[PDB]
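1. an experimental structure, sequence included, is below.
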There are 4 protein chains.
Amino acid sequence: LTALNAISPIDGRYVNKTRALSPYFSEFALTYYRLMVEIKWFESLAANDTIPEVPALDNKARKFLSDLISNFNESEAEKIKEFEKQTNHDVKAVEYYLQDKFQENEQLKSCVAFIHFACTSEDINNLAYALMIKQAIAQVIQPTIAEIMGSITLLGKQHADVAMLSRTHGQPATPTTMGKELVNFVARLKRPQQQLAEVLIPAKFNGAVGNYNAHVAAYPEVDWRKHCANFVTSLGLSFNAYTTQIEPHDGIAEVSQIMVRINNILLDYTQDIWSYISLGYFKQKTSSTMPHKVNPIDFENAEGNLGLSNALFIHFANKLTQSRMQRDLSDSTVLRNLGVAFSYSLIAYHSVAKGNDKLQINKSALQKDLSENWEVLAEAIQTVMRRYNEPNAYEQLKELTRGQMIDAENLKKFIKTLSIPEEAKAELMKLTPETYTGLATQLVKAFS
Amino acid sequence: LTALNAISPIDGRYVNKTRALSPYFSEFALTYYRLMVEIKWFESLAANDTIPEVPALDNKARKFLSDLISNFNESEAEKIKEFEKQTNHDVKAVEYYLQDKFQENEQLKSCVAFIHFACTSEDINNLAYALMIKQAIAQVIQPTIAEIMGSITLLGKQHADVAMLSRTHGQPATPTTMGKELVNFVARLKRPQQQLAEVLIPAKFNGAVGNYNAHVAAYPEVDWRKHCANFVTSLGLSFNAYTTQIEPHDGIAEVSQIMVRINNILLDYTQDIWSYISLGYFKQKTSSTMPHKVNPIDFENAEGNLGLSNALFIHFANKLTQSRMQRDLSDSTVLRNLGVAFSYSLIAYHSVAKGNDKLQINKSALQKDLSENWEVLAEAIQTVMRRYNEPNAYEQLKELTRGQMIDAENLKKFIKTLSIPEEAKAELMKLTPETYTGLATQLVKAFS
Amino acid sequence: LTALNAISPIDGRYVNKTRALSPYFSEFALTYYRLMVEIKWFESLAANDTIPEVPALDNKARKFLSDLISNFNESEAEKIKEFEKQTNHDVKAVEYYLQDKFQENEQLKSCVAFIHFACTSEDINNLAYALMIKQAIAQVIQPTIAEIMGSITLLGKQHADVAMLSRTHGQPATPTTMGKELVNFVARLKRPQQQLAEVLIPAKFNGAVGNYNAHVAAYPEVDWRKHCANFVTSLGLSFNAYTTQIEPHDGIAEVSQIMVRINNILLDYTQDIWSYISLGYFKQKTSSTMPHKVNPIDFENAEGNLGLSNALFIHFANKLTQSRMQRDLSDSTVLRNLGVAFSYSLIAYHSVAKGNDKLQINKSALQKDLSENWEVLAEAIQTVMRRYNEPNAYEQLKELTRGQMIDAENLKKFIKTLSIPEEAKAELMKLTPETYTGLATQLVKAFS
Amino acid sequence: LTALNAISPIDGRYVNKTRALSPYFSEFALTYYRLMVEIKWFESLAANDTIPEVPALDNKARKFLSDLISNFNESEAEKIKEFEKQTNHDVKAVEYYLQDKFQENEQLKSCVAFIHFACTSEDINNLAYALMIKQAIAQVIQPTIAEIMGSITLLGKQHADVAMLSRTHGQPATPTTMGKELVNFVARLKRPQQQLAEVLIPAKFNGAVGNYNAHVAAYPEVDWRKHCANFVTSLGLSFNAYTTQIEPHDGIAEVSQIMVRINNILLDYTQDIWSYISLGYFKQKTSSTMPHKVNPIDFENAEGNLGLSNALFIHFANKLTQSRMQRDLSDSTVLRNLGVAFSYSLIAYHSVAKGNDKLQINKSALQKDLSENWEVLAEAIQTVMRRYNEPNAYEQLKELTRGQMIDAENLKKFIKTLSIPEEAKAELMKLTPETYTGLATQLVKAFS
């Protein structure tokens, strides 16, 4: 396999864009996390007083186990792969590897029967996946989304006071500012971004079918529910007390849906930026002094990848949350694809950041449009009329706007014919589209 | 239109099952909520000291406005429909109606210019829909889901101690209890049910494009952001400070996804109950004394409706969250269908409740299966072996289980050949599949 | 139920837009088609020589049965509903109704035991639904799509020669004509429209589980496969020889996917028209002589409804095509919603037709844009250079276009500096953006 | 990149299962097909009499071009990648490569200006993708589906006469045969499999925006529509005369939907096989002589991958079929993922084939169930009653079946109490559930 011959663009065309996820989602990562889980389980038994058959671990034993995790590499992963030759269960190959390693330590040599003690394969797998999700989000996904938010915020702040014609149903409307329109997207991102950071990833640890049966058979006297809760919560996960063989994956569905919400806001953003480029509101920043068009390719690339990511995330939320009776195995193969969904998202985020850095505001395009659309002041005139209790204020302005092409002159002429205080007239005669932006700039400044 | 000739089964075949939603989602409801919003806006202006042009409302005026809402009916809705003849905007027809009504009150007669003051149609619509969603969830949806949860919980409690063979990949596995398997579903429902109750429905109120432009044109001196925040929050909604013409609908997406999560757990439930019926684990409760099969039709009906509801909820979350620039109108028609999605859910909930009430446990079916599958004790033997540091405990039991058809006799014989303490042997020889349920019943009792 | 209180906008806000579908999809329609199917089955037995126990029907008997179908009304539907009080199966209520009616005819009085002979409920239901689909498509859906195609074609023909600036990635590109851009959509619609017309709707008729078991028990000597094939094919349907209790619904999936393909082309159309309106390329046709903006609301309404229709059609294709073993009943409730999906489509088609009729071309907007974008001729210059074997033709024009703002003057100046035949220069100096439309108009004229 | 560190299981865990697709979908494949398209275009110009500026190619020139395609390798792909350093468009790098190669041939040296003559990048890309799709389907996908169909057919034929209890709504029903139930799936696969083989993949070739503008600028006298039609149809593709810059991708949507239809039938199959395994109807074929359970893992793996494939195929059909105006670029990145969808399908097909080969019928399980469910003969008794005009035949059998547990004895006793011919009684008294399979075996034998 080379990136040239890869079928998926995640490991092919975009291989350099997605590498950050490889330590979390890959056959190597899954092996690393299963190994970590098996060792940490064994350690939890050594740490428990009511399980005297596993003695407390001494300095040298702790370090040996610690070193298995920090020294884990391709070579060692291949060794575990070697053991898969013998087993029905991949997870069993990790137990075999550990049995092998325990021989190298005087104290551990003796304790091999307690590796994977009372566990089912899914006890190990669900924890491994819970940790992969938790860490991919904490180290890669949440920080990247934070960066995109900062990027759009910076653009919003910079263009806080840049007046702009609105378009509602595609057509000239009450003005805003470019920075306000940009800040609106960051405001939408805040809630699901915080939700993404805060979700504790669910995990269970309770034997074959969720009832600690084998645990209780061997150690009726150990408080297994307490032991397993403390084990799982020690890893920074959300202990699920109530499961079958599998953790039911509703937490994966929740995380998938948070990602969908984020991706859809960003989808909306890429489509609006593309429109602003189309209108010439942005040009390329970088003959050196001459204005040039910016190619919106990065936003179009993000747009395509955001949809692919959602396709998979939506599927996960729907499919993983049914499993026949105490479970069917059809979720296993699907879980190997969590990384693919996050990868399409990540590629999209990188594209948004890259496109954002190309944008330079084109003030003259924005000003041309405002100066051609004086009709957008009509509501200002109408609302001032209302204040002074003028009856048919809306109909009157509709009669005006539909009967002539409005500019400064006709507006002034209409205003004078109104029965409103002279000061009120004067203020309306000062109004221009570029100065009818309401609280747009104030809202941008207030935004954090 | 009669229910016989309706195209949608929501207003046809299932008309009686869905009526509870009509006061929240229907052209009548939308009119009622727009009217309420317009009146409450007008009242907020009267209540504001910095807007002296609308005087504080006296006893009689408050009651008149109050009465417009409580006395609203088909007759009045038809009257508003009458005004739609004149207008581009449906919401405008409500203003016309109110202009008409204000004539009937000495004080209100004078204040007609302040109805819909500085508002855009979408200010009224988004609030109306926010309230419809909020109240449909608070009065109908959340309580119905609470009822389904209670129903499954009661079944779980009743069958807490009823031993049952598990099936993993469809095949005999470590035992559980029927009540434990039922409680697992309620445990999954807890989190999204609480999330459904807690979501404050987003709403905005800020003029044509989100910047209070018309407000500021007429009243530069009024703190509009404060006024509008207090207005929206007074209604029990989540004020959105940052919008275009529309509220961006990410809250609708969040609510839709919570509903999807709930529906998927219930989808899983209907499919498992169907399987338990298929296995004869349940029979009909209601020749009077003779056992009869229960027809799983109610669970199959729920299954079909849960999928339809999700189809729409998924669509809402994806489609409503993009809108071109300061908005396109394609969301309007889509919002008229929120009730349809909730209706498919509601029909499904009613079906689950109805099916649940038909289930009677069939103990002999459950016992037959346990007594035929002694192989499921193997892990108990293995894990006891591990405790006493016996080396190849897993391989030994695999060699046993794959070479003979296991019953009590072969098991006893194998156990005796083990090198474990005599007391350990004795306890394993007491074990039976129906008594190998681990902490299933303890977990059911602990469940709330 | 009134349209005001309906939850679904299909039977509410849009009740008048969707009535054409009521005779095909409604509880009344389903009853009508079940009745028709039961009668036509009974007639097929009378018509079979090897079934002498049902005598050939005489003039009076044929007319009596014929009249049951043509005289079917609300009153009669209510009577069948009356019998549902007694039955597990709705279809059984139709048999009871017919038993009742057969008493009114001397010959039929005697043959009541042969109503629903050897049938299962699903034999009747699948045929009823097959006919509802077949006829809704033949009478309503396919003709409406044909009308939309004609509408867009007429617009295309009218604007065949109207030069227009293209936009690729939102930005000025090689010109086309408005009519060519419109005709492109009709070209896409041709194939799935023909496919929609040609699909023969699958139907089966073979007893409880697909094997004619009950038929063969009573009449081992009758060729049931031949009888049932001829019965189903006589109705204009596609006989499925191989089924369980249900027809497996892959034909419904195929039809749903054809509808999805059509709806997506029309979705693309509504979005482009909205953009052309936004650019001012269209204005309202209908102060009388003054240009006015067209509001794109009809296209936005179509856009929203097309997505809703696809949401349901996609769901049907995925969900209806699994059914557990010899069937589960969860498809039943889902089938009652086929009409809802077609209804969202129909509302969208009506909206497209209505919007199309508002469009008037705005030539000056189109001409302004062409005259401002002479850079789009660059490829013409380059390709003429290639013809005369000029080496770096692309790089040279990129060097030109990126270094100055191109107009007629700079272009002429550049052209003269080329080493190409004098006649070649002269033809390029004649070129203008509005005259660089290639074969756009020729392709429009050729289109049918 | 190694398979261990790949994020996608397509190029990771399942790398060996998916390699067949690499020559069709990979950055290498895309380069190969772009190169082939560019060369074949150039050849089409040489072959055209009205384009004398490109002379007819001589033996040596044809072979040189031919050799570029057959000798294409990683080395050459890397060389094209080298040129991407200089270009905005990847396709341009192929032109540069060819310019380079043309130097090595006396005749071709002279014709470099005609490489990519009048083409746009998308002319090359859409053809390249059309060929990749066409060939992946013809060489890999359609033959693999053919193999799965044969596999299920063989199982159906082998078990043609093996009586089996049906289950409708999970519950005992009229018998069938195992082979009939299997053949039902192959019958469903026939139509979409033939449709998959027959679809001619759409492709266009017409310059920047679909109008041959640049072609006509340089060669007004050449019949470009005829030339390009013949070019595209010579490649075994479906010429699209009517496009913008892109081929509109409705053919990709059609192919995606055919794949969805196939995958859903196979999804249904994997779920039923899993149920038959659960019931013990199948055991493992391979202590040597003792019956052992078959683990349904291969069917569960297929189930998971079929859903992933559909997620992507559904997305393609919806998203690729809109593109803003004369096109946006967001489809480009999405097209790089066509292979991923086909790969999930292929992995699933391999799993189905692999699971099928493990199944051995377990006759005693099937016979036990039939012999315990004599109630399923009731409809036979009822239908024989109907034949001899017995009035309440259905109600009578319901009264029987609901009042006692039916076996051979009660049935015989009931039959004797009927007023039907003595021969009719005798034949019903011979009936047993295992002999009430109707035309199941006859239908299996007839199946091809």
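-> All right, it came through fine. Numbering: from 1, shown residues only, chains lettered A, B, ... in the order given.

2. quickly find the element holding residue A:425.
-> In the assignment (DSSP states H and E), residue A:425 maps to helix A:422-430.

3. can you list the buried residues in that helix?
-> Across helix A:422-430, burial judged by 16 or more other C-beta atoms under 10 Å in any protein chain shown covers A:424, A:425, A:427, A:428. To be clear about C-beta, it is placed using only N, CA and C from the backbone, and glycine gets the same treatment.

4. not counting its neighbours along the chain, what's nearest the residue nearest to the spatial centre of chain A?
-> Central residue of chain A (C-alpha atoms, centre = their mean): residue A:259, 4.4 Å from the mean position. In this structure, residue A:259 finds its nearest non-sequential neighbour in residue A:313, 5.1 Å apart by C-beta to C-beta, 6 or more residues apart in numbering or on different chains.

5. do you have the strands of the stretch 101-250 of chain A handy? List them.
-> Ranges of strands in the stretch 101-250 of chain A, per DSSP state E, counting those that start in this stretch, are A:163-168, A:171-177, A:202-203, A:238-239.

6. is chain B within reach of the third one?
-> Spelled out, that is strand A:202-203. No. Strand A:202-203 stays clear of chain B (C-beta under 8 Å from any C-beta of the partner chain), getting no nearer than 9.1 Å.

7. which elements pack onto that strand?
-> Applying 3 or more C-beta pairs under 8 Å, 6 or more residues apart in numbering or on different chains; DSSP states H and E, one finds that strand A:202-203 contacts helix A:121-136, strand A:238-239.

8. pull the longest one out as CSV, backbone CA atoms only.
-> Which is helix A:121-136. Only the C-alpha atoms of helix A:121-136 are listed here, as CSV (Å, rounded to 0.1, in the frame of the first residue of the first chain):
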residue,chain,number,x,y,z
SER,A,121,-13.9,-9.3,24.6
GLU,A,122,-16.4,-6.5,24.5
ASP,A,123,-15.4,-5.2,28.0
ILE,A,124,-12.0,-4.5,26.5
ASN,A,125,-13.2,-3.3,23.0
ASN,A,126,-15.8,-0.8,24.3
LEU,A,127,-13.3,0.8,26.7
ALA,A,128,-10.7,0.9,23.9
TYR,A,129,-13.1,2.6,21.6
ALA,A,130,-14.4,4.9,24.3
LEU,A,131,-10.8,6.1,25.0
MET,A,132,-10.0,6.5,21.2
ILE,A,133,-13.1,8.7,20.8
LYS,A,134,-12.4,10.7,24.0
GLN,A,135,-8.8,11.4,23.1
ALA,A,136,-9.4,12.1,19.4
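
9. ok now that helix, how far from the chain's centre?
-> Averaging C-alpha positions (C-alpha atoms, centre = their mean, to the nearest Å) puts helix A:121-136 19 Å from its chain's average.

10. okay, the angle between that helix and strand B:163-168?
-> 60 degrees (axes from the mean of the first three to the mean of the last three C-alpha atoms, to 10 degrees).

11. quick one: buried residues of the one helix or strand residue A:353 maps to?
-> Taking DSSP H and E as the criterion, residue A:353 maps to helix A:338-356. Within helix A:338-356, the residues scored as buried using 16+ other C-beta under 10 Å are A:338-353, A:355-356.

12. stretch A:187-194 now?
-> Applying 16+ other C-beta under 10 Å to stretch A:187-194 flags A:187, A:188, A:189, A:191, A:192, A:193 as buried.

13. so how far is chain B from residue A:345?
-> For residue A:345, the distance to chain B equals 15 Å [C-beta to the nearest C-beta, to the nearest Å].

14. helices or strands next to the longest helix seen in chain A in the packing?
-> In chain A, assigned by DSSP state H, the helix with the most residues is helix A:250-278. If contacts are counted by 3+ C-beta pairs under 8 Å, 6+ apart, helix A:250-278 sits against helix A:142-158, helix A:178-198, helix A:297-319, helix A:338-356, helix B:178-198, helix B:250-278, helix B:297-319.

15. right, and these - which one's nearest residue C:407?
-> helix A:297-319 (27.1 Å; C-beta to C-beta).

16. next, count neighbours for residue A:220.
-> Residues lying near residue A:220 (other C-beta atoms under 10 Å in any protein chain shown) number 9.

17. distance of it from residue A:46?
-> Counting by C-beta to C-beta, to the nearest Å, the gap from residue A:220 to residue A:46 is 20 Å.

18. and residue A:151, by the same measure?
-> From residue A:151 across to residue A:46, the span is 48 Å (C-beta to C-beta).

19. please apply the same query to residue A:276.
-> Residue A:276 sits 61 Å away from residue A:46, going by C-beta to C-beta.

20. more crowded one of these two?
-> Legend: neighbour count by other C-beta under 10 Å for residue A:276 and residue A:46, higher for residue A:276 (24 against 20).

21. and the more buried one, what is it in contact with?
-> A:178, A:282 (C-beta atoms under 8 Å, 6 or more residues apart in numbering or on different chains).

22. got the residues of the stretch 51-200 of chain A near chain D?
-> So the stretch 51-200 of chain A meets chain D at A:74, A:77, A:78, A:88 (C-beta under 8 Å from any C-beta).

23. please name the nearest non-neighbouring residue to the residue in the stretch 251-400 of chain A that chain C sits nearest to.
-> Chain C sits closest to residue A:278 of the stretch 251-400 of chain A, with a gap of 3.2 Å, by C-beta to the nearest C-beta. Closest residue in space to residue A:278, ignoring its immediate chain neighbours: residue C:170 at 3.2 Å, by C-beta to C-beta, 6+ apart.

24. same thing with residue A:24?
-> Using C-beta to C-beta, 6+ apart and skipping residues adjacent in sequence, the residue nearest residue A:24 is residue A:136, 3.8 Å away.

25. thought that neighbour was touching residue A:21?
-> Yes. Assessed by C-beta atoms under 8 Å, residue A:136 is found in contact with residue A:21 at 6.2 Å.

26. give me the common contacts of those two.
-> Contacts common to residue A:136 and residue A:21, judged by C-beta under 8 Å, 6+ apart, are A:339, A:342.

27. so residue A:286 touches residue A:292, yeah?
-> Yes. Counting by C-beta under 8 Å, residue A:286 does reach residue A:292; the two are 7.3 Å apart.

28. can you give me the neighbour number for residue A:253?
-> With other C-beta under 10 Å as criterion, residue A:253 counts 24.

29. next to chain C, which bits of the stretch 301-448 of chain A? Give me the list.
-> When proximity is defined as C-beta under 8 Å from any C-beta, the stretch 301-448 of chain A approaches chain C at A:402, A:403, A:404, A:405.
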